[PDB]
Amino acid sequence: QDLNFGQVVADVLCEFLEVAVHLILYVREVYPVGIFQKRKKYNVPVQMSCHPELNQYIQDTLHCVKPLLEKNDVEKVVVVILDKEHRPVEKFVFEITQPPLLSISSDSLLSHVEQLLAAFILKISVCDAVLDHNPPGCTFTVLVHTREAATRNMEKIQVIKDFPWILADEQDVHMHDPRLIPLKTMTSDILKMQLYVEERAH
């Protein structure tokens, strides 16, 4: 029928979040380095996992988030690093805002947005210079915070067969007085986004 820039933004963000998740896992050493292969995204160096099951898990997660992003019902996507005790040790928070009305320039939308996203990737690439090394045996999870007015979130997010979502528990989210590491913010004609890390002092 006609173009839908809400969907365009959802596609851009899902593509970018996949690359960002992969690079977070690399720079925080959540998995053995051997699975990663250096590649180029947004014209900057990145590290992509080649482990089939991990890649499908990340893609399944984002396939579920995409329709919520298309409707602008996502407030933030959070990549949480968890210790052996299931307690958050680091949180990479992607705060996502789509303006209620867009004013779109005519000269190369995606190219401009992709240049802005490359800065996020570069920041993630060097965030280990200010974060303390995580304890051994950490895992990760993804948290989706929806807008208060969002309706039927639990049904809308169940896109993938055999990949159910559940409400997180207090233990899944809470950190006591974490350090704040601002990484990057951007404003474009179609989306505003901020990325920062919350690090457990421990």
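In this text, the rigid core denotes the largest set of C-alpha atoms whose superposition between the two forms falls within 1.5 Å. Start at 1 with the first residue shown and count on from there.
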| property | result |
| --- | --- |
| Greater Cα displacement in 7 other deposited structures of this protein once the core is superposed, comparing 174 to 182 with 10 to 18 | 174 to 182 |
| Core-fitted comparison in 7 other deposited structures of this protein, 141 to 149 vs 44 to 52, farther C-alphas | 141 to 149 |
| Coordinates absent for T97 in a third or more of other entries | no |
| Of 106 to 114 and 78 to 86, the one with larger mean CA B-factor | 106 to 114 |
| Segment of higher mean CA temperature factor, 22 to 30 or 140 to 148 | 140 to 148 |
| Highest-ranked of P45, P67, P164, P52 once sorted by CA temperature factor in the record | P45 |
| C-alpha B-factor winner, where the candidates are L62, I35, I157, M175 | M175 |
| For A129, the third of its chain into which the C-alpha B factor falls | highest |
| Chain third (lowest, middle, highest) by recorded CA B-factor, residue given as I121 | lowest |
| Third of the chain's Cα B-factor distribution that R179 belongs to, per the entry | highest |
| Chain thirds of CA B-factor: placement of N4 | middle |
